[PDB]
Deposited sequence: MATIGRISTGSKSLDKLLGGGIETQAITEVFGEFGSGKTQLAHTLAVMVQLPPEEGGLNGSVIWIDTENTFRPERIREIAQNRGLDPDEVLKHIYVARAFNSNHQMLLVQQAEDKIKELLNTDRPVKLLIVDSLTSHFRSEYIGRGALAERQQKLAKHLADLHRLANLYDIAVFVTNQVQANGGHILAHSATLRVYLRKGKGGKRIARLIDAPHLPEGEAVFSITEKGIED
């Protein structure tokens, strides 16, 4: 029942997060296009595989991809440059493409099967990524009355995700795109934005009991880092 933390690769962002993203929680990253949401997801999918003294949880990953932006070679590069075996690392990421929102919801039920299978093995699932949490919902639920219906379906989907996080001690990491779609209650919302000089800036939103500064990071051949 203790909480585990997965390093993001950035010391700056890790400090903002209290050491990394938490198990038994849904962390939502949100921001405009190009703000680094997907690159952070890729980095986390490598970092979680590290031992705990290196910031990981010796864990496997389930990834629900909605817009086909998962890149196996980016995983390999990030792994390679952090001293891990690129091919081994891919072996422990289980990617499924969600065709629509209803399929996305079914894939969360299927994730529980994979989770159970690995639970008391040496590489339990420790990270579940949904990229994008909201893209299908934005496309499908549109027009008069759609706000209530969309928020309703999303809340149920997030409830499924919360259950998996808490029941199996897993960090859930979801993405959400904004044009400068309420994610019910993610545990923690992190706003990402592009800054000058190729830097990215992160800020915690509506978290008055947590740090109020901003983290600054780059996107490199190691994925995310200061």
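Peer 1: Counting from 1 along the deposited sequence, which stretches lack C-alpha positions?
Peer 2: Model skips 1, 182 to 185 of the deposited chain.
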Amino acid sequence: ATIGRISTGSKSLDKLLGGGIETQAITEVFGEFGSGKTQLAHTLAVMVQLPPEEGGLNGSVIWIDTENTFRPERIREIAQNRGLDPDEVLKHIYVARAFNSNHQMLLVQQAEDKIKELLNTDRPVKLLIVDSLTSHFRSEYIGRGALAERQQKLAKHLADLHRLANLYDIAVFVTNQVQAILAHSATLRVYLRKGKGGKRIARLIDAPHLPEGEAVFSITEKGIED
From here on, numbers count along this sequence of modelled residues.
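Peer 1: Taking the recorded C-alpha temperature factors, which stretch has the higher mean, 86 to 94 or 136 to 144?
Peer 2: For C-alpha atoms only, the mean B-factor is higher in 86 to 94.
Peer 1: Select between 54 to 62 and 154 to 162 the stretch whose C-alpha atoms have the higher average B-factor in the entry.
Peer 2: Looking at the record's C-alpha B-factors, the answer is 154 to 162.
Peer 1: Highest recorded C-alpha temperature factor, please, choosing from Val190, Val174, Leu40, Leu182.
Peer 2: Among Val190, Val174, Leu40, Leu182, the PDB entry lists the largest C-alpha B-factor for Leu182.
Peer 1: I'd like to know which of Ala79, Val130, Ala111, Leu119 has the highest C-alpha temperature factor in the PDB entry.
Peer 2: That would be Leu119, according to the entry.
Peer 1: Comparing against every modelled residue in the chain, figure out the third that the C-alpha B-factor of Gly31 lands in (lowest, middle or highest).
Peer 2: Lowest third - that is where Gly31 ends up once the chain's C-alpha B-factors are sorted.
Peer 1: Ranked by Cα temperature factor within the chain, is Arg123 in the lowest third, the middle third or the highest third?
Peer 2: It belongs to the highest third of the chain when residues are ordered by C-alpha B-factor.
Peer 1: C-alpha B factor of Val216, ranked within the chain: lowest, middle or highest third?
Peer 2: Middle third, going by the recorded CA B-factors of the chain.
Peer 1: Pull the Cα B-factor of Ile201 out of the PDB entry and bin it into the chain's lowest, middle or highest third.
Peer 2: CA B-factor rank for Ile201: middle third.
Peer 1: Taking the chain's C-alpha temperature factors as the reference, tell me which third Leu16 falls into: lowest, middle or highest.
Peer 2: Middle third of the chain for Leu16's C-alpha B-factor.
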